[PDB]
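S.K.: Below is the file final07.cif, with mmCIF, N, CA and C atoms.
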data_data
#
loop_
_atom_site.label_atom_id
_atom_site.label_comp_id
_atom_site.auth_asym_id
_atom_site.auth_seq_id
_atom_site.Cartn_x
_atom_site.Cartn_y
_atom_site.Cartn_z
N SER N 943 -18.89 -76.72 15.49
CA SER N 943 -19.30 -75.47 16.11
C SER N 943 -19.45 -75.62 17.61
N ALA N 944 -18.44 -76.24 18.22
CA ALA N 944 -18.40 -76.41 19.66
C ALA N 944 -18.04 -75.11 20.37
N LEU N 945 -17.21 -74.27 19.75
CA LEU N 945 -16.72 -73.00 20.28
C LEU N 945 -17.49 -71.81 19.77
N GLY N 946 -18.78 -71.94 19.58
CA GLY N 946 -19.53 -70.84 19.02
C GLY N 946 -19.44 -69.55 19.80
N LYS N 947 -19.42 -69.61 21.12
CA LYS N 947 -19.45 -68.35 21.85
C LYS N 947 -18.20 -67.50 21.69
N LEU N 948 -17.02 -68.07 21.88
CA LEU N 948 -15.83 -67.25 21.75
C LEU N 948 -15.67 -66.70 20.34
N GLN N 949 -15.91 -67.54 19.34
CA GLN N 949 -15.81 -67.09 17.96
C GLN N 949 -16.78 -65.98 17.69
N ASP N 950 -17.95 -66.05 18.28
CA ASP N 950 -18.92 -65.01 18.03
C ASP N 950 -18.48 -63.70 18.63
N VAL N 951 -17.86 -63.72 19.80
CA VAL N 951 -17.39 -62.45 20.34
C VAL N 951 -16.41 -61.79 19.39
N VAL N 952 -15.46 -62.57 18.89
CA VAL N 952 -14.49 -61.96 17.99
C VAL N 952 -15.17 -61.39 16.75
N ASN N 953 -16.08 -62.14 16.14
CA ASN N 953 -16.70 -61.58 14.94
C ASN N 953 -17.55 -60.37 15.21
N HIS N 954 -18.25 -60.30 16.32
CA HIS N 954 -19.03 -59.08 16.51
C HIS N 954 -18.12 -57.89 16.57
N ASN N 955 -17.04 -57.96 17.34
CA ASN N 955 -16.19 -56.77 17.35
C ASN N 955 -15.57 -56.46 16.00
N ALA N 956 -15.05 -57.47 15.30
CA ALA N 956 -14.44 -57.17 14.01
C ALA N 956 -15.44 -56.55 13.06
N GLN N 957 -16.64 -57.07 13.03
CA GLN N 957 -17.63 -56.52 12.12
C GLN N 957 -17.99 -55.09 12.50
N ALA N 958 -18.06 -54.77 13.78
CA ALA N 958 -18.33 -53.38 14.12
C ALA N 958 -17.25 -52.46 13.60
N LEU N 959 -15.99 -52.78 13.83
CA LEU N 959 -14.96 -51.90 13.28
C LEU N 959 -15.03 -51.84 11.78
N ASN N 960 -15.30 -52.95 11.13
CA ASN N 960 -15.35 -52.91 9.68
C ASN N 960 -16.44 -51.97 9.19
N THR N 961 -17.63 -52.04 9.75
CA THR N 961 -18.63 -51.13 9.25
C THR N 961 -18.26 -49.70 9.56
N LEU N 962 -17.59 -49.45 10.67
CA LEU N 962 -17.19 -48.08 10.92
C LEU N 962 -16.23 -47.58 9.87
N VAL N 963 -15.32 -48.43 9.40
CA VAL N 963 -14.43 -47.95 8.36
C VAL N 963 -15.17 -47.77 7.06
N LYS N 964 -16.12 -48.63 6.77
CA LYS N 964 -16.79 -48.47 5.50
C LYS N 964 -17.63 -47.22 5.49
N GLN N 965 -18.16 -46.85 6.62
CA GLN N 965 -18.98 -45.67 6.62
C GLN N 965 -18.22 -44.42 6.30
N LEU N 966 -16.91 -44.43 6.11
CA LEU N 966 -16.32 -43.17 5.70
C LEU N 966 -16.64 -42.81 4.28
N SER N 967 -16.97 -43.78 3.46
CA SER N 967 -17.22 -43.46 2.07
C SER N 967 -18.54 -42.77 1.85
N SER N 968 -19.49 -42.90 2.76
CA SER N 968 -20.77 -42.26 2.53
C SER N 968 -20.61 -40.76 2.46
N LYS N 969 -21.41 -40.11 1.63
CA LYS N 969 -21.34 -38.67 1.47
C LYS N 969 -22.19 -37.83 2.40
N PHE N 970 -23.27 -38.33 2.95
CA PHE N 970 -24.09 -37.51 3.84
C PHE N 970 -24.61 -36.25 3.20
N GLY N 971 -24.69 -36.16 1.90
CA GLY N 971 -25.20 -34.95 1.30
C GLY N 971 -24.19 -33.95 0.78
N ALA N 972 -22.92 -34.07 1.14
CA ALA N 972 -21.94 -33.14 0.62
C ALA N 972 -21.64 -33.46 -0.83
N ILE N 973 -21.08 -32.48 -1.54
CA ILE N 973 -20.82 -32.71 -2.95
C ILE N 973 -19.77 -33.76 -3.19
N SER N 974 -18.99 -34.14 -2.19
CA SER N 974 -17.98 -35.19 -2.37
C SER N 974 -17.53 -35.67 -1.01
N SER N 975 -16.98 -36.88 -0.95
CA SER N 975 -16.70 -37.44 0.36
C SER N 975 -15.30 -37.15 0.84
N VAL N 976 -14.35 -37.00 -0.04
CA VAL N 976 -12.99 -36.78 0.42
C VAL N 976 -12.77 -35.31 0.72
N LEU N 977 -12.11 -35.03 1.82
CA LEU N 977 -11.94 -33.65 2.23
C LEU N 977 -11.07 -32.88 1.27
N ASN N 978 -10.14 -33.54 0.62
CA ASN N 978 -9.20 -32.81 -0.22
C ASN N 978 -9.91 -32.11 -1.36
N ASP N 979 -10.83 -32.77 -2.05
CA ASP N 979 -11.51 -32.04 -3.12
C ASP N 979 -12.28 -30.86 -2.59
N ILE N 980 -13.02 -31.05 -1.51
CA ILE N 980 -13.77 -29.93 -1.01
C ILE N 980 -12.84 -28.77 -0.74
N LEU N 981 -11.70 -29.04 -0.15
CA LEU N 981 -10.84 -27.90 0.10
C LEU N 981 -10.11 -27.47 -1.15
N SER N 982 -10.15 -28.26 -2.20
CA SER N 982 -9.47 -27.92 -3.43
C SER N 982 -10.39 -27.12 -4.32
N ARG N 983 -11.56 -27.64 -4.63
CA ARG N 983 -12.39 -26.98 -5.61
C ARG N 983 -13.42 -26.06 -4.99
N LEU N 984 -13.14 -25.40 -3.87
CA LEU N 984 -14.14 -24.46 -3.38
C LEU N 984 -13.54 -23.40 -2.47
N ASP N 985 -14.13 -22.22 -2.51
CA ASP N 985 -13.71 -21.12 -1.67
C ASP N 985 -14.16 -21.36 -0.24
N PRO N 986 -13.54 -20.71 0.73
CA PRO N 986 -13.87 -20.96 2.14
C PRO N 986 -15.31 -20.67 2.51
N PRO N 987 -15.93 -19.60 2.04
CA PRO N 987 -17.32 -19.36 2.45
C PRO N 987 -18.27 -20.48 2.12
N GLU N 988 -18.17 -21.08 0.94
CA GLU N 988 -19.06 -22.20 0.67
C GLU N 988 -18.53 -23.49 1.25
N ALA N 989 -17.22 -23.64 1.34
CA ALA N 989 -16.67 -24.83 1.96
C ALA N 989 -17.09 -24.98 3.39
N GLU N 990 -17.39 -23.91 4.10
CA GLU N 990 -17.86 -24.12 5.45
C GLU N 990 -19.12 -24.96 5.49
N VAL N 991 -20.14 -24.57 4.75
CA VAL N 991 -21.33 -25.38 4.85
C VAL N 991 -21.15 -26.70 4.13
N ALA S 348 -25.70 -17.96 -32.26
CA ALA S 348 -26.88 -18.67 -32.70
C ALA S 348 -28.06 -18.34 -31.83
N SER S 349 -29.24 -18.68 -32.31
CA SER S 349 -30.44 -18.47 -31.54
C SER S 349 -30.66 -19.57 -30.54
N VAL S 350 -31.49 -19.26 -29.54
CA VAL S 350 -31.72 -20.17 -28.42
C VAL S 350 -32.23 -21.51 -28.91
N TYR S 351 -33.20 -21.51 -29.80
CA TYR S 351 -33.79 -22.76 -30.22
C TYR S 351 -32.89 -23.61 -31.06
N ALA S 352 -31.70 -23.15 -31.40
CA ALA S 352 -30.72 -23.96 -32.12
C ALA S 352 -29.35 -23.71 -31.55
N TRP S 353 -29.22 -23.70 -30.21
CA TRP S 353 -27.93 -23.39 -29.62
C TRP S 353 -26.84 -24.23 -30.22
N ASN S 354 -25.65 -23.68 -30.21
CA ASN S 354 -24.50 -24.31 -30.83
C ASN S 354 -23.53 -24.84 -29.79
N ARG S 355 -23.03 -26.05 -29.98
CA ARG S 355 -22.09 -26.64 -29.04
C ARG S 355 -20.74 -26.91 -29.66
N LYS S 356 -19.66 -26.63 -28.93
CA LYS S 356 -18.32 -26.86 -29.42
C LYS S 356 -17.46 -27.45 -28.33
N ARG S 357 -16.82 -28.56 -28.65
CA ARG S 357 -15.96 -29.26 -27.72
C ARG S 357 -14.56 -28.70 -27.76
N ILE S 358 -14.01 -28.42 -26.59
CA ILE S 358 -12.67 -27.88 -26.46
C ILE S 358 -11.91 -28.79 -25.53
N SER S 359 -10.82 -29.34 -26.02
CA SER S 359 -10.08 -30.33 -25.26
C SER S 359 -8.67 -30.37 -25.81
N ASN S 360 -7.83 -31.12 -25.12
CA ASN S 360 -6.46 -31.33 -25.56
C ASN S 360 -5.74 -30.00 -25.76
N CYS S 361 -5.66 -29.23 -24.68
CA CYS S 361 -5.02 -27.92 -24.72
C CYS S 361 -4.89 -27.44 -23.29
N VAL S 362 -4.12 -26.39 -23.09
CA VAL S 362 -3.92 -25.82 -21.76
C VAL S 362 -4.87 -24.67 -21.63
N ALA S 363 -5.82 -24.80 -20.74
CA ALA S 363 -6.86 -23.82 -20.55
C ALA S 363 -6.54 -22.93 -19.39
N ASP S 364 -6.71 -21.65 -19.57
CA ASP S 364 -6.52 -20.73 -18.49
C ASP S 364 -7.75 -19.88 -18.39
N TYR S 365 -8.38 -19.86 -17.22
CA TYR S 365 -9.60 -19.10 -17.05
C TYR S 365 -9.31 -17.79 -16.38
N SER S 366 -8.15 -17.23 -16.66
CA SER S 366 -7.85 -15.90 -16.19
C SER S 366 -8.01 -14.87 -17.28
N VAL S 367 -8.07 -15.29 -18.54
CA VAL S 367 -8.21 -14.32 -19.60
C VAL S 367 -9.66 -13.95 -19.85
N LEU S 368 -10.60 -14.67 -19.28
CA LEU S 368 -11.99 -14.39 -19.60
C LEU S 368 -12.44 -13.09 -19.00
N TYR S 369 -11.80 -12.64 -17.94
CA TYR S 369 -12.28 -11.42 -17.36
C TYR S 369 -12.24 -10.26 -18.36
N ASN S 370 -11.39 -10.34 -19.38
CA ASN S 370 -11.28 -9.30 -20.40
C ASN S 370 -12.56 -8.96 -21.16
N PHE S 371 -12.93 -9.88 -22.04
CA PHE S 371 -14.09 -9.73 -22.90
C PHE S 371 -15.39 -9.60 -22.14
N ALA S 372 -16.27 -8.73 -22.63
CA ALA S 372 -17.58 -8.62 -22.00
C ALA S 372 -17.73 -8.18 -20.54
N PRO S 373 -18.23 -6.97 -20.28
CA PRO S 373 -18.42 -6.52 -18.88
C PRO S 373 -18.91 -7.58 -17.89
N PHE S 374 -19.44 -8.70 -18.36
CA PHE S 374 -19.81 -9.83 -17.53
C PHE S 374 -20.74 -9.55 -16.36
N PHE S 375 -21.97 -9.14 -16.69
CA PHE S 375 -23.01 -8.86 -15.70
C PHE S 375 -23.16 -9.98 -14.68
N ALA S 376 -22.92 -11.22 -15.08
CA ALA S 376 -23.06 -12.37 -14.20
C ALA S 376 -22.03 -13.40 -14.61
N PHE S 377 -21.22 -13.84 -13.66
CA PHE S 377 -20.29 -14.91 -13.96
C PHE S 377 -20.21 -15.74 -12.70
N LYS S 378 -20.90 -16.86 -12.71
CA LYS S 378 -21.03 -17.64 -11.51
C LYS S 378 -20.96 -19.09 -11.87
N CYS S 379 -20.56 -19.86 -10.89
CA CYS S 379 -20.31 -21.26 -11.09
C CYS S 379 -21.02 -22.06 -10.03
N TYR S 380 -21.43 -23.26 -10.41
CA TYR S 380 -22.04 -24.19 -9.47
C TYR S 380 -21.12 -25.39 -9.41
N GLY S 381 -20.67 -25.71 -8.21
CA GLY S 381 -19.78 -26.82 -8.01
C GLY S 381 -18.31 -26.48 -7.99
N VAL S 382 -17.88 -25.33 -8.48
CA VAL S 382 -16.49 -24.95 -8.35
C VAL S 382 -16.48 -23.48 -8.00
N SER S 383 -15.34 -23.00 -7.54
CA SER S 383 -15.30 -21.57 -7.36
C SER S 383 -14.25 -21.00 -8.29
N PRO S 384 -14.56 -19.90 -8.98
CA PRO S 384 -13.69 -19.45 -10.06
C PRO S 384 -12.30 -19.09 -9.66
N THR S 385 -12.06 -18.57 -8.48
CA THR S 385 -10.69 -18.23 -8.19
C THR S 385 -9.81 -19.46 -8.16
N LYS S 386 -10.38 -20.61 -7.84
CA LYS S 386 -9.67 -21.88 -7.80
C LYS S 386 -9.77 -22.65 -9.08
N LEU S 387 -10.37 -22.07 -10.09
CA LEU S 387 -10.74 -22.82 -11.27
C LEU S 387 -9.54 -23.03 -12.14
N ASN S 388 -8.53 -22.24 -11.91
CA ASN S 388 -7.30 -22.23 -12.65
C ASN S 388 -6.41 -23.42 -12.36
N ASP S 389 -6.81 -24.36 -11.49
CA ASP S 389 -5.92 -25.40 -10.96
C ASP S 389 -6.26 -26.80 -11.41
N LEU S 390 -7.53 -27.15 -11.47
CA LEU S 390 -7.95 -28.51 -11.63
C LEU S 390 -7.79 -28.95 -13.08
N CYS S 391 -7.81 -30.25 -13.31
CA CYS S 391 -7.84 -30.82 -14.64
C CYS S 391 -9.18 -31.48 -14.89
N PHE S 392 -9.67 -31.38 -16.12
CA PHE S 392 -11.03 -31.79 -16.40
C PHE S 392 -11.07 -32.89 -17.44
N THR S 393 -12.26 -33.45 -17.54
CA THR S 393 -12.52 -34.54 -18.45
C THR S 393 -12.77 -34.03 -19.85
N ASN S 394 -13.84 -33.26 -20.02
CA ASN S 394 -14.21 -32.73 -21.33
C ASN S 394 -15.07 -31.50 -21.13
N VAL S 395 -14.59 -30.36 -21.56
CA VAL S 395 -15.27 -29.11 -21.31
C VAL S 395 -15.98 -28.69 -22.58
N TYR S 396 -17.23 -28.30 -22.45
CA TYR S 396 -18.06 -27.89 -23.57
C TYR S 396 -18.38 -26.42 -23.49
N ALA S 397 -18.75 -25.85 -24.62
CA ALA S 397 -19.07 -24.44 -24.65
C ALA S 397 -20.30 -24.28 -25.51
N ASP K 398 -14.01 2.56 5.58
CA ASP K 398 -13.02 2.43 4.51
C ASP K 398 -13.64 2.83 3.18
N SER K 399 -12.92 3.62 2.35
CA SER K 399 -13.43 4.13 1.08
C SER K 399 -12.47 3.96 -0.10
N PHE K 400 -13.03 3.64 -1.27
CA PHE K 400 -12.35 3.42 -2.55
C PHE K 400 -13.42 3.29 -3.63
N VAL K 401 -13.01 3.09 -4.89
CA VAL K 401 -13.95 3.01 -6.01
C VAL K 401 -13.72 1.71 -6.80
N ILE K 402 -14.82 1.01 -7.11
CA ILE K 402 -14.80 -0.29 -7.79
C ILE K 402 -15.87 -0.34 -8.91
N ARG K 403 -15.81 -1.40 -9.74
CA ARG K 403 -16.70 -1.71 -10.88
C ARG K 403 -18.12 -2.13 -10.46
N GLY K 404 -19.00 -2.28 -11.46
CA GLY K 404 -20.40 -2.61 -11.24
C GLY K 404 -20.85 -4.06 -11.39
N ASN K 405 -19.93 -4.99 -11.58
CA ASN K 405 -20.19 -6.43 -11.65
C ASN K 405 -19.50 -7.17 -10.53
N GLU K 406 -18.86 -6.44 -9.62
CA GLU K 406 -18.01 -6.98 -8.57
C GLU K 406 -18.57 -6.81 -7.17
N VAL K 407 -19.71 -6.13 -7.01
CA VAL K 407 -20.29 -5.96 -5.68
C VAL K 407 -20.32 -7.29 -4.92
N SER K 408 -20.62 -8.40 -5.61
CA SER K 408 -20.68 -9.68 -4.90
C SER K 408 -19.32 -10.08 -4.37
N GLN K 409 -18.27 -9.72 -5.11
CA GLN K 409 -16.88 -10.01 -4.77
C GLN K 409 -16.41 -9.41 -3.46
N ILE K 410 -17.06 -8.37 -2.94
CA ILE K 410 -16.60 -7.73 -1.70
C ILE K 410 -17.26 -8.47 -0.52
N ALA K 411 -16.57 -9.51 -0.08
CA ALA K 411 -17.03 -10.40 0.97
C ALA K 411 -15.81 -11.10 1.55
N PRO K 412 -15.90 -11.66 2.74
CA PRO K 412 -14.73 -12.34 3.28
C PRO K 412 -14.35 -13.55 2.46
N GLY K 413 -13.23 -13.51 1.75
CA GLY K 413 -12.76 -14.74 1.14
C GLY K 413 -13.74 -15.30 0.13
N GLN K 414 -14.41 -14.44 -0.61
CA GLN K 414 -15.34 -14.85 -1.66
C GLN K 414 -14.67 -14.66 -3.00
N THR K 415 -14.86 -15.62 -3.89
CA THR K 415 -14.10 -15.54 -5.11
C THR K 415 -14.82 -14.83 -6.24
N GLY K 416 -13.98 -14.21 -7.06
CA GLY K 416 -14.19 -13.35 -8.21
C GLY K 416 -12.74 -12.99 -8.40
N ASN K 417 -12.47 -11.72 -8.63
CA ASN K 417 -11.11 -11.23 -8.81
C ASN K 417 -10.91 -10.01 -7.92
N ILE K 418 -11.91 -9.67 -7.11
CA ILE K 418 -11.87 -8.50 -6.23
C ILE K 418 -11.61 -8.78 -4.76
N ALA K 419 -11.59 -10.04 -4.31
CA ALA K 419 -11.34 -10.21 -2.87
C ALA K 419 -10.27 -11.24 -2.54
N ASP K 420 -9.34 -11.51 -3.46
CA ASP K 420 -8.24 -12.43 -3.20
C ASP K 420 -6.90 -11.73 -3.02
N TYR K 421 -6.55 -10.84 -3.95
CA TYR K 421 -5.28 -10.13 -3.95
C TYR K 421 -5.36 -8.62 -4.04
N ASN K 422 -6.51 -8.05 -4.40
CA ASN K 422 -6.71 -6.60 -4.52
C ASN K 422 -6.68 -5.99 -3.13
N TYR K 423 -7.68 -6.32 -2.34
CA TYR K 423 -7.79 -5.83 -0.98
C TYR K 423 -8.72 -6.87 -0.42
N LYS K 424 -8.37 -7.37 0.75
CA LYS K 424 -9.11 -8.44 1.36
C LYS K 424 -9.37 -8.21 2.83
N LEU K 425 -10.52 -8.61 3.23
CA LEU K 425 -11.09 -8.58 4.54
C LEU K 425 -10.90 -9.94 5.17
N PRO K 426 -10.98 -10.03 6.49
CA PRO K 426 -10.71 -11.31 7.14
C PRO K 426 -11.84 -12.26 6.85
N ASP K 427 -11.65 -13.52 7.22
CA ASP K 427 -12.71 -14.50 7.04
C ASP K 427 -13.77 -14.41 8.13
N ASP K 428 -13.46 -13.79 9.26
CA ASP K 428 -14.42 -13.55 10.33
C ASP K 428 -14.99 -12.13 10.33
N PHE K 429 -15.21 -11.53 9.17
CA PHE K 429 -15.63 -10.12 9.13
C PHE K 429 -16.98 -9.93 9.81
N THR K 430 -17.17 -8.75 10.38
CA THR K 430 -18.44 -8.32 10.95
C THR K 430 -18.64 -6.86 10.61
N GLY K 431 -19.85 -6.50 10.21
CA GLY K 431 -20.12 -5.13 9.83
C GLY K 431 -21.12 -5.10 8.68
N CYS K 432 -20.97 -4.08 7.84
CA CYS K 432 -21.84 -3.82 6.71
C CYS K 432 -21.00 -3.29 5.57
N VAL K 433 -21.54 -3.40 4.36
CA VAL K 433 -20.88 -2.91 3.17
C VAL K 433 -21.88 -2.06 2.39
N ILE K 434 -21.37 -1.03 1.73
CA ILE K 434 -22.20 -0.08 1.02
C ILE K 434 -21.55 0.26 -0.30
N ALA K 435 -22.32 0.25 -1.38
CA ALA K 435 -21.79 0.59 -2.68
C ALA K 435 -22.88 1.30 -3.47
N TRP K 436 -22.48 2.24 -4.32
CA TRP K 436 -23.47 2.94 -5.12
C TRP K 436 -22.81 3.36 -6.42
N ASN K 437 -23.40 2.95 -7.53
CA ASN K 437 -22.82 3.25 -8.82
C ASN K 437 -22.89 4.77 -8.97
N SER K 438 -21.74 5.41 -9.16
CA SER K 438 -21.66 6.86 -9.33
C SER K 438 -20.98 7.20 -10.65
N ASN K 439 -21.80 7.54 -11.65
CA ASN K 439 -21.33 7.83 -12.99
C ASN K 439 -21.58 9.29 -13.37
N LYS K 440 -22.09 10.10 -12.44
CA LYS K 440 -22.42 11.50 -12.65
C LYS K 440 -21.41 12.46 -12.05
N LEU K 441 -20.41 11.96 -11.32
CA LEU K 441 -19.42 12.84 -10.72
C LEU K 441 -17.98 12.34 -10.87
N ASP K 442 -17.76 11.12 -11.36
CA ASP K 442 -16.42 10.55 -11.45
C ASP K 442 -16.05 10.06 -12.85
N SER K 443 -16.95 10.17 -13.82
CA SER K 443 -16.71 9.71 -15.17
C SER K 443 -16.85 10.89 -16.11
N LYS K 444 -15.78 11.22 -16.81
CA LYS K 444 -15.75 12.29 -17.79
C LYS K 444 -15.83 11.74 -19.21
N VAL K 445 -15.89 12.67 -20.16
CA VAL K 445 -15.99 12.33 -21.58
C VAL K 445 -14.58 12.08 -22.12
N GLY K 446 -14.35 10.84 -22.55
CA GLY K 446 -13.09 10.38 -23.10
C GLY K 446 -12.42 9.33 -22.25
#
What does the file become when written as structure tokens?
M.R.:
Amino acid sequence: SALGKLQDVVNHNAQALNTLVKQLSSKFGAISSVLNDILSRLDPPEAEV
Amino acid sequence: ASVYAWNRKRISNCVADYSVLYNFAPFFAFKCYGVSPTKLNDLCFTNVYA
Amino acid sequence: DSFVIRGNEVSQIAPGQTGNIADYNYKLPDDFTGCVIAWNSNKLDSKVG
């Protein structure tokens, strides 16, 4: 572990992007996370909220 | 049947169309939670009960 | 605007709201503004038979 600093820079950035991609799966309270179902199984007035 | 002994029937393995229901019964209330009926004619389901 | 409709469909007269009265019969925009008025009239438009 002589090169700890450079390796650490790379991992911090990679981990940040990784968590950003994983956070797409969270629902935040909506009935489903993927946009396609929401636009598929619901009328526009309720789909807005 | 009466409320305290409601009856359940499984309907599956068939082509369901929810456009014929408007016929029977003046339908004082016909509302859905989680889907909207005009779009209900499209999706495929797991197991629908009545 | 004036016309005559059923007594279980009042909810259906809304911008892009589903039932069977606001998709293909006559439809208002999704950005509608105004008011709607309906009154069940069975004493002047319904005859015997």
S.K.: Using all atoms listed in the file, select each residue of chain N with any atom at most 6 Å away from an atom of chain S, and give the selection as a list in words.
M.R.: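 Result: residues 983, 984 and 985 of chain N.
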S.K.: Rounded to one decimal place, report the atom CA of residue S:396-atom C of residue S:359 distance in Å.
M.R.: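 Atom C of residue S:359 lies 10.0 Å from atom CA of residue S:396.
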S.K.: Chain S residues within 12 Å of chain K, counting only C-alpha atoms: which ones, as a CSV table (one decimal) with N, CA and C atoms, in the coordinates of the input?
M.R.:
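Contents of selection-v1.csv, as written:
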chain,number,residue,atom,x,y,z
S,365,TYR,N,-8.4,-19.9,-17.2
S,365,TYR,CA,-9.6,-19.1,-17.0
S,365,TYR,C,-9.3,-17.8,-16.4
S,366,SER,N,-8.2,-17.2,-16.7
S,366,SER,CA,-7.8,-15.9,-16.2
S,366,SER,C,-8.0,-14.9,-17.3
S,367,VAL,N,-8.1,-15.3,-18.5
S,367,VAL,CA,-8.2,-14.3,-19.6
S,367,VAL,C,-9.7,-14.0,-19.8
S,368,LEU,N,-10.6,-14.7,-19.3
S,368,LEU,CA,-12.0,-14.4,-19.6
S,368,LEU,C,-12.4,-13.1,-19.0
S,369,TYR,N,-11.8,-12.6,-17.9
S,369,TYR,CA,-12.3,-11.4,-17.4
S,369,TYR,C,-12.2,-10.3,-18.4
S,370,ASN,N,-11.4,-10.3,-19.4
S,370,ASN,CA,-11.3,-9.3,-20.4
S,370,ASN,C,-12.6,-9.0,-21.2
S,372,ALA,N,-16.3,-8.7,-22.6
S,372,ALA,CA,-17.6,-8.6,-22.0
S,372,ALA,C,-17.7,-8.2,-20.5
S,373,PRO,N,-18.2,-7.0,-20.3
S,373,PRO,CA,-18.4,-6.5,-18.9
S,373,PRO,C,-18.9,-7.6,-17.9
S,374,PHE,N,-19.4,-8.7,-18.4
S,374,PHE,CA,-19.8,-9.8,-17.5
S,374,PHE,C,-20.7,-9.6,-16.4
S,375,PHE,N,-22.0,-9.1,-16.7
S,375,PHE,CA,-23.0,-8.9,-15.7
S,375,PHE,C,-23.2,-10.0,-14.7
S,376,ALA,N,-22.9,-11.2,-15.1
S,376,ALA,CA,-23.1,-12.4,-14.2
S,376,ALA,C,-22.0,-13.4,-14.6
S,377,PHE,N,-21.2,-13.8,-13.7
S,377,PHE,CA,-20.3,-14.9,-14.0
S,377,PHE,C,-20.2,-15.7,-12.7
S,378,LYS,N,-20.9,-16.9,-12.7
S,378,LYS,CA,-21.0,-17.6,-11.5
S,378,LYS,C,-21.0,-19.1,-11.9
S,379,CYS,N,-20.6,-19.9,-10.9
S,379,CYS,CA,-20.3,-21.3,-11.1
S,379,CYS,C,-21.0,-22.1,-10.0
S,382,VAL,N,-17.9,-25.3,-8.5
S,382,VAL,CA,-16.5,-25.0,-8.4
S,382,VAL,C,-16.5,-23.5,-8.0
S,383,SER,N,-15.3,-23.0,-7.5
S,383,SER,CA,-15.3,-21.6,-7.4
S,383,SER,C,-14.2,-21.0,-8.3
S,384,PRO,N,-14.6,-19.9,-9.0
S,384,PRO,CA,-13.7,-19.4,-10.1
S,384,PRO,C,-12.3,-19.1,-9.7
S,385,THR,N,-12.1,-18.6,-8.5
S,385,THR,CA,-10.7,-18.2,-8.2
S,385,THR,C,-9.8,-19.5,-8.2
S,386,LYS,N,-10.4,-20.6,-7.8
S,386,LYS,CA,-9.7,-21.9,-7.8
S,386,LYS,C,-9.8,-22.6,-9.1
S,387,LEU,N,-10.4,-22.1,-10.1
S,387,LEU,CA,-10.7,-22.8,-11.3
S,387,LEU,C,-9.5,-23.0,-12.1
S.K.: To one decimal place in Å, what is the distance between atom CA of residue K:433 and atom CA of residue N:991?
M.R.: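 Atom CA of residue N:991 lies at a distance of 22.5 Å from atom CA of residue K:433.
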S.K.: Could you tell me which residues the PyMOL selection byres (((chain S and resi 395 and name CA) around 10) and name CA) grabs in this file, written as a count of residues only?
M.R.: 10
S.K.: Using only C-alpha atoms, which chain N residues lie at most 9 Å away from chain K, written as an MDAnalysis selection string?
M.R.: chainID N and resid 985:988
S.K.: Give me the residues near stretch 961-975 of chain N as a list in words, where near means some atom within 10 Å (using only C-alpha atoms) and where sequence neighbours in that chain fewer than 3 positions away do not count.
M.R.: residues 956, 957, 958, 978, 979, 980, 989 and 991 of chain N; 381 of chain S
S.K.: For the selection you just gave me, I'd like the residues written to a file as a CSV table (one decimal), in the coordinates of the input, keeping N, CA and C atoms.
M.R.:
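Wrote it out as part10.csv, contents follow:
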chain,number,residue,atom,x,y,z
N,956,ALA,N,-15.0,-57.5,15.3
N,956,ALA,CA,-14.4,-57.2,14.0
N,956,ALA,C,-15.4,-56.6,13.1
N,957,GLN,N,-16.6,-57.1,13.0
N,957,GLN,CA,-17.6,-56.5,12.1
N,957,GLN,C,-18.0,-55.1,12.5
N,958,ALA,N,-18.1,-54.8,13.8
N,958,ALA,CA,-18.3,-53.4,14.1
N,958,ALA,C,-17.2,-52.5,13.6
N,978,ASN,N,-10.1,-33.5,0.6
N,978,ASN,CA,-9.2,-32.8,-0.2
N,978,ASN,C,-9.9,-32.1,-1.4
N,979,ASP,N,-10.8,-32.8,-2.0
N,979,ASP,CA,-11.5,-32.0,-3.1
N,979,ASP,C,-12.3,-30.9,-2.6
N,980,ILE,N,-13.0,-31.0,-1.5
N,980,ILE,CA,-13.8,-29.9,-1.0
N,980,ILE,C,-12.8,-28.8,-0.7
N,989,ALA,N,-17.2,-23.6,1.3
N,989,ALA,CA,-16.7,-24.8,2.0
N,989,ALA,C,-17.1,-25.0,3.4
N,991,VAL,N,-20.1,-24.6,4.8
N,991,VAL,CA,-21.3,-25.4,4.8
N,991,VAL,C,-21.2,-26.7,4.1
S,381,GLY,N,-20.7,-25.7,-8.2
S,381,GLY,CA,-19.8,-26.8,-8.0
S,381,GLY,C,-18.3,-26.5,-8.0
S.K.: Would you please extract all helix (DSSP H, G or I) residues from chain S, as assigned by DSSP on the backbone, and give them as a ChimeraX atom specification?
M.R.: /S:350-352,384-386
S.K.: Any chance you could export the current selection's N, CA and C atoms as a JSON list (two decimals), in the frame of the given file?
M.R.:
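Saved as part_0.json:
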[["chain", "number", "residue", "atom", "x", "y", "z"],
["S", 350, "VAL", "N", -31.49, -19.26, -29.54],
["S", 350, "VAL", "CA", -31.72, -20.17, -28.42],
["S", 350, "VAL", "C", -32.23, -21.51, -28.91],
["S", 351, "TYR", "N", -33.20, -21.51, -29.80],
["S", 351, "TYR", "CA", -33.79, -22.76, -30.22],
["S", 351, "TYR", "C", -32.89, -23.61, -31.06],
["S", 352, "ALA", "N", -31.70, -23.15, -31.40],
["S", 352, "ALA", "CA", -30.72, -23.96, -32.12],
["S", 352, "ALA", "C", -29.35, -23.71, -31.55],
["S", 384, "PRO", "N", -14.56, -19.90, -8.98],
["S", 384, "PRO", "CA", -13.69, -19.45, -10.06],
["S", 384, "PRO", "C", -12.30, -19.09, -9.66],
["S", 385, "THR", "N", -12.06, -18.57, -8.48],
["S", 385, "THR", "CA", -10.69, -18.23, -8.19],
["S", 385, "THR", "C", -9.81, -19.46, -8.16],
["S", 386, "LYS", "N", -10.38, -20.61, -7.84],
["S", 386, "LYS", "CA", -9.67, -21.88, -7.80],
["S", 386, "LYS", "C", -9.77, -22.65, -9.08]]
S.K.: Report, in Å to a single decimal, how far apart atom CA of residue S:364 and atom CA of residue N:990 are.
M.R.: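 Here the two named atoms are 26.7 Å from each other.
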S.K.: Find the axis-aligned box for stretch 405-415 of chain K, covering all its listed atoms and adding 3 Å on each side, and write its centre and edge lengths in Å to one decimal as AutoDock Vina command-line options.
M.R.:
--center_x -16.7 --center_y -10.3 --center_z -4.2 --size_x 13.9 --size_y 16.6 --size_z 20.9
